[PDB]
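Given next, in structure tokens, is a single chain: the form solved without its partner chain.
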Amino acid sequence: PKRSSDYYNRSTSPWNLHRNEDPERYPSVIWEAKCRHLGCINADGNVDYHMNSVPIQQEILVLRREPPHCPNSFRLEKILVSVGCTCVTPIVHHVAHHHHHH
């Protein structure tokens, strides 16, 4: 059993996971990432406000029993969930080919 990732704590754009519980859901327990700071944590450990922590969104397939309280075989649905956070700036940067492909 491998140790669950600590990226949420070591990221320059750290996040906390919030539990979402509903009986009309599969999985019933869903973990949503909420960015810790508006800014990003620089190399020195300080918050820089010329950078922003933004949540990465993903469309997840969840099972919904129609009519309610009837689990067997039906049709599922899609829901947007925040998986983690990334650090952005207002600039689209361009960097050489030798730094690429990793």
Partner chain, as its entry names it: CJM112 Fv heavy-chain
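Residues that one form lacks are left out of the comparison. Positions refer to the first chain, counted from 1. Throughout, rigid core stands for the largest set of C-alpha atoms superposing within 1.5 Å between the two forms.
- Message: Given the other compared entries that model the residues flanking it, would you say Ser4 is unmodelled in at least one third?
- Response: It is, since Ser4 is left out of at least a third of the other entries that model both flanking stretches.
- Give the stretch, out of 42 to 50 and 61 to 69, with the larger mean C-alpha temperature factor in the deposited entry. Comparing 42 to 50 with 61 to 69, the higher mean C-alpha B-factor belongs to 61 to 69.
- Item | Mean temperature factor over C-alpha atoms, higher-scoring stretch between 76 to 84 and 9 to 17 | Here the higher of the two C-alpha B-factor means belongs to 76 to 84.
A second form of this protein, the form deposited with its partner chain bound, is not displayed here; the remarks below concern that form.
- What residues in 5 to 24 sit within 4.5 Å of its partner chain in the deposited bound form, counting heavy atoms only? The stretch 5 to 24, when checked against its partner chain in the deposited bound form, contributes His18, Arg19, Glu21, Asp22, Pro23, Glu24 at the 4.5 Å heavy-atom cut-off.
- Core aligned, does the CA of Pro71 move at least 2 Å between this form and the one not shown? After core superposition, the C-alpha of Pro71 moves 2 Å or more between this form and the one not shown.
- Given a rigid core superposition, which stretches of at least 3 residues have all Cα atoms displaced by 2 Å or more between this form and the one not shown? Only this run moves by 2 Å or more: 71 to 75.
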